[PDB]
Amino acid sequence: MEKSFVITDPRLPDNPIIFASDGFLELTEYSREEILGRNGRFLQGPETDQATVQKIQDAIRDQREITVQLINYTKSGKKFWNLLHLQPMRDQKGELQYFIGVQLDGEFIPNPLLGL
């Protein structure tokens, strides 16, 4: 598929998605009109490890890059493992301007090892 990614605007409330790539539409099954303006957490669901979600929340707070592997769900409810790479984007003034999150679909690290 084409690269899956979204770009959020942390200068707006709760880091809304302001751009979603064609690859993200394909991976997630959502239309661009269903995605724009919401927070990336909408892909989570019952099996998502809340401890991983907290690591993401702390990375966003600290404006630090992180990679995690977590369960996400397509529009039709299909589970997928998401190796999610989040990167803060700063402008030439040193100010946070975006986050970008790149999704790679696959159980890259086996779940028995992820669990620790």
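Position 1 is the first residue in the sequence shown; the rest follow in order.
Checked against the record, the higher mean CA B factor of 35 to 43 and 87 to 95 lies with 87 to 95. As listed in the deposited structure, the average C-alpha B-factor of 104 to 112 and of 6 to 14 is greater for 104 to 112. Among the modelled residues of its chain, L27 has a C-alpha B-factor that falls in the middle third according to the deposited record. Among all modelled residues in its chain, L70 ranks in the lowest third by Cα B-factor. Per-chain ranking of the deposited C-alpha B factor places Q57 in the middle third.
Per the deposited record, the Cα B-factor of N82 falls in the lowest third when ranked against the other modelled residues of its chain.
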